[PDB]
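Asker: got an experimental structure here, sequence first:
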Amino acid sequence: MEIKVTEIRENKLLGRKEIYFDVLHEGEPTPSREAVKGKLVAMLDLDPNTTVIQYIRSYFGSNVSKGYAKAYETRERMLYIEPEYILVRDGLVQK
Amino acid sequence: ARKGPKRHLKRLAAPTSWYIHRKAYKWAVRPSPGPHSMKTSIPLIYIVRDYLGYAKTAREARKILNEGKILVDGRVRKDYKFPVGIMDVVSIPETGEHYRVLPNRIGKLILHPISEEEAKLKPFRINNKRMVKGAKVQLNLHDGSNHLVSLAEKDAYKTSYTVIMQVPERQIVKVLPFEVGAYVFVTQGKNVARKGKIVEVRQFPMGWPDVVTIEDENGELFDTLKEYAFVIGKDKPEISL
Amino acid sequence: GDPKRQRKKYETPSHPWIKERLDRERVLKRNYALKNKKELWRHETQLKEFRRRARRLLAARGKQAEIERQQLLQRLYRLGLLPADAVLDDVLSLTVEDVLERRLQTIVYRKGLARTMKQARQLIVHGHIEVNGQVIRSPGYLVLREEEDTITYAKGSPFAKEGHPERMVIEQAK
RNA sequence: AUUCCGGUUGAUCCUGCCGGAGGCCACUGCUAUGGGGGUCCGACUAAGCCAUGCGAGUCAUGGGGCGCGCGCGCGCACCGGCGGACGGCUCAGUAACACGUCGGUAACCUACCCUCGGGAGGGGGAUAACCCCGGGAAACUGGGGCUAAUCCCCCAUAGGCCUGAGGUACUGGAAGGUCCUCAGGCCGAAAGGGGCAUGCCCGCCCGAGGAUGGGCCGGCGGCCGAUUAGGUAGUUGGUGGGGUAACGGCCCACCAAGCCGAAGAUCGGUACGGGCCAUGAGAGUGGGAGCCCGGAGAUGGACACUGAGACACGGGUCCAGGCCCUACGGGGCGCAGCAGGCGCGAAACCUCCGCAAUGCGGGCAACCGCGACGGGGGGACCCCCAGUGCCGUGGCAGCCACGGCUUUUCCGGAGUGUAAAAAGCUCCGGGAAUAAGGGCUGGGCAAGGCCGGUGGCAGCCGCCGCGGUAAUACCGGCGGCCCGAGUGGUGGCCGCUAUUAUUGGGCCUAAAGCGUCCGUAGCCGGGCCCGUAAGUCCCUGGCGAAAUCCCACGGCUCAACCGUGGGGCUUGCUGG
């Protein structure tokens, strides 16, 4: 699977880096959040924490999925801005 | 049957001056009473969320608003219902961004980016005059605001002139009159967002408003109403359009 | 008042049992491998819409009129039913066989990717045919002019290998 | 597709009606694989009756106090504050300034909100919670003691209202308006409170204006009936006053005799109004449940309190009519809110999950609540895209034998998806196997002159017409044609219909000229000249919400759908 960053965007008010990326998986299924996070952090020098994946989406026939990710400066601002359902869905918090 | 005032607003019934999706949902933010009208203003949350894109939901927008990270006319505004309007200035000092609110040739409101120097001035149109106790003159402006002046200098302020003012402290500079060579910016009607110079005024009897003719720099002439002709300069503009 | 209801996009004939119409539609159905009469009827309705737009615009004075004229001509050129140096009278000479030729099933046959129209329909529906980059499964897609050369077999598909038994049986025709 | 076909005669040409053939809505028979989108589903009869559970709350940074742990922190209730007048349901009544559009209020009210200019001084009081004692079957409720406030009251000062006499500073098209000076009088504010801290945050009262929302007025516009022709008596106006937030016969006292009407008043019938919808080549005809804007109602009817706002669906009082609990003294209730039930009928769903998204109220905020909203469940509601196999050889006339292939769909699984799920999307394993019917078969009208039964019986039949012993017309069998996950039956509307005719019909003989004349309103009106510019024509300013309609581009695989822009619609009004 390849991961190709299409856009990065900066937010000073909430203190976040928004990231739009494409995933290329020709012949394979839709990949997993763990793997996508590993690749993202390895490639952009980010913390495995303070990083969440809002969605990975597949289309009708593409073998090319899309993603949206957010990288925060501080775990505190993170837990304050982001709701709990994505945190549980990612694994950064135990319900 | 209705026993009182309204507190909701549906999206199919929202004014046309807005950039909004009408079928995505059923409900819209009803603005609160304030400076401008409903047909001439848009709340702040729509700016924070749908124009600039600093938030995707409304909780995030409320959160940034309740921390003084956004100003309007040099003042902090925490209410997501506050109506923003024409000739107003939106300032984000954490990103160095300054926008001025203006309409299009279509009638919709937009954000024109300006500089920090011009972000400290706001033009006002004198809409009426009154004499109040202490024998003082009260000018009633176009955003619903008011200014006090002495009697000695009453003949210098009339009911269509324009006044430039430092926004937060609200001190006057550079009055501009309504004459036959003044620069103009139309704010409503069929010829909205056009610009040009005045040529002729015309009056009518028994309640009908006054009309004015204007010439654009391509040389073409067009008429409109006198209350729609915002004065912004003498020979050239003082702000950015 | 009464609100909106979605309406059909195809028309039915005025009489169901006229010999000439029956014969013609029979021949077309057979020679283009259609499943119903709805498809034929909706292609015919497309044509009739184009034809009515032309009839209306013709000799209409203004600015929106010429705008719509150019829009129509460009749309037809893009679909592939008219050349570039065309005029508003070349529309009224069009027929339904052209609209029928501009669909995937027929193009896949005329291109040599399938031996028959039914085989082409099966390929399209099972997902072995690609457009510029995509997998489309609708044999009535109305291919455009800039895509007719980007139609191939999909990467994941046995037919995409040159030595497939059935692909060799297909190339055995040409 | 600006369309025709069958039927009066032994045969013919006409008029004229009936039927066929197209589309949309409601009920319904037989049959049924799968997805996506959407403003669909107790409207028609009973605005009939309802068992159970939910549909409106929040603030601990307003105040005192109880409990649990270390003055602090957690939790509960009470007083107090804002809200509950929005949102949600329905179509009874209403032929009306109710609705639409243009205008007006110089004749009016407005808590939450914005701007500006100014203020927060001095005293007093009670009473819930808490403790003692209780009563009543309950619903509900009594006495005593103690206490606080952003609770209540009082003085003062600001300020509010009336009147009279003057000055003319402001707006405006125009001052019974605002401002200045004087005079005589009635009513009459406020919480410097709370928090952090060694000044900042949230707040209280007055005034001038705006915004938001409403009340009132006016011109134009839009059903049927003459087997309904005269109606009205505070009825029409005036003078003077009361009352209202405010103009006004809205009401009162007095003076007059007016007001509406054949260009159809009054009366009676039906009916929420529009944007819109169906149909048609178009003119035109018909409808107005679902989504938006406005209005009205909450078992029928009448009347009031609190509040900025109600004569108040989930708050009050009474009468009528219905039902329930009771310890028989007395008490309580009305789903046209979500689901669920009875009844009525031809005729309409789960007593489900959530406040994550869109929004509202409360709160400095964090945040809580919401049967609104969102999400799934059941349903031949409407629209879009597909499936029920393909290839080659051979034999027949689309089928069969043979040999290979594919997996939309099906069976099972891993990810993503989702508030959590499900579905959908990507991948893997198996395997042509898991999936066509309904009406018709004499002509109109496409398609059998084939076979067996019935024998003027039984039955068919929109219409014409078959059937009385070789039935192409009944019943069945085998074949065939139309449409196709759909196809038929009943009722309603448009079209067919130039059978309602402005475009565009007819009246010697077929329906149809008054028995004939004179004349009122009304409609139609000879030729030239001068004027005006009301109708009419052109150009331009301000209005006719959005959705809906047409076109192009772009985003969900294309589409249906959504978005950006350009045009129309809004049957028109108005300033030059």
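Answerer: Received the coordinates, thanks. Numbers count the residues shown, from 1 in each chain, chains lettered A, B, ... in the order given.

Asker: which outside residues touch the strand or helix carrying residue B:42?
Answerer: Counting by DSSP states H and E, the element that carries residue B:42 is strand B:41-43. Contacts to strand B:41-43, defined as Cβ atoms under 8 Å, 6 or more residues apart in numbering or on different chains, come from residues B:17-18, B:29, B:31, B:34-35, B:80-85, B:109. For the C-beta atoms, the positions are set from N, CA and C on the backbone; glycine is no exception.

Asker: from those residues, which would you call buried?
Answerer: B:17, B:18, B:29, B:31, B:34, B:35, B:80, B:82, B:83, B:84, B:85, B:109 (16 or more other Cβ atoms under 10 Å in any protein chain shown).

Asker: just the residues you listed: which are in strands?
Answerer: B:83, B:84, B:85, B:109 (DSSP state E).

Asker: am I right that the third one is in contact with residue B:142?
Answerer: No. Using Cβ atoms under 8 Å, residue B:85 is not in contact with residue B:142, being 9.1 Å away.

Asker: ok, residue B:214 - contacts?
Answerer: So residue B:214 contacts B:184, B:186, B:194, B:196, B:197, B:198, B:199, B:221, B:222, B:223, B:224, B:229 (Cβ under 8 Å, 6+ apart).

Asker: beta-bridge partners for it, please?
Answerer: residue B:198, residue B:222 (DSSP bridges).

Asker: please enumerate the helices of chain B.
Answerer: All helices of chain B, identified by DSSP state H, fall at B:44-46, B:58-65.

Asker: just chain A next, same as before
Answerer: According to DSSP H, the helices that chain A contains are A:33-44, A:75-81, A:84-90.

Asker: neighbour count added to the contacts of residue B:214, as a markdown table?
Answerer: Formatted as a markdown table, these follow (neighbours: other Cβ atoms under 10 Å in any protein chain shown):
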| residue | neighbour count |
| --- | --- |
| B:184 | 23 |
| B:186 | 22 |
| B:194 | 16 |
| B:196 | 21 |
| B:197 | 18 |
| B:198 | 19 |
| B:199 | 13 |
| B:221 | 11 |
| B:222 | 15 |
| B:223 | 14 |
| B:224 | 20 |
| B:229 | 23 |
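
Asker: make JSON lines out of those and add distance to residue C:167.
Answerer: Below are the contacts of residue B:214 laid out as JSON lines (distance: Cβ to Cβ, whole Å):
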{"residue": "B:184", "distance to residue C:167": "73"}
{"residue": "B:186", "distance to residue C:167": "68"}
{"residue": "B:194", "distance to residue C:167": "66"}
{"residue": "B:196", "distance to residue C:167": "71"}
{"residue": "B:197", "distance to residue C:167": "75"}
{"residue": "B:198", "distance to residue C:167": "78"}
{"residue": "B:199", "distance to residue C:167": "78"}
{"residue": "B:221", "distance to residue C:167": "73"}
{"residue": "B:222", "distance to residue C:167": "69"}
{"residue": "B:223", "distance to residue C:167": "74"}
{"residue": "B:224", "distance to residue C:167": "71"}
{"residue": "B:229", "distance to residue C:167": "74"}
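
Asker: sorry, back to before: farthest-separated two in the contacts of strand B:41-43?
Answerer: Distances among the contacts of strand B:41-43 were taken as Cβ to Cβ; the most separated pair is B:17 and B:80, at 18.3 Å.

Asker: what's the burial count for the residue of chain C found nearest RNA strand D?
Answerer: Nearest residue of chain C to RNA strand D: residue C:1, at 2.0 Å (Cβ to the nearest atom of the strand). Residue C:1 has 2 neighbours, counted by other Cβ atoms under 10 Å in any protein chain shown.

Asker: ditto for residue A:12
Answerer: If we define neighbours as other Cβ under 10 Å, then residue A:12 has 12 of them.

Asker: same check on the one 4 residues further on?
Answerer: For residue A:16, the neighbour count with other Cβ under 10 Å is 22.

Asker: how much space between it and residue A:39?
Answerer: Separation of residue A:16 from residue A:39 (Cβ to Cβ, to the nearest Å): 20 Å.

Asker: briefly note if stretch B:74-89 comes near chain A.
Answerer: No. Stretch B:74-89 does not reach chain A (Cβ under 8 Å from any Cβ of the partner chain); its nearest approach is 14.1 Å.

Asker: would you map the strands across chain A?
Answerer: Along chain A, counting by DSSP E, strands occupy A:2-11, A:16-24, A:51-57, A:64-72.

Asker: list the residues that contact the residue in chain C that chain A sits nearest to.
Answerer: Minimum separation of chain C from chain A (Cβ to the nearest Cβ) falls at residue C:135, amounting to 3.1 Å. For residue C:135, the contacting residues are A:60, A:61, C:127, C:129, C:154, by Cβ under 8 Å, 6+ apart.
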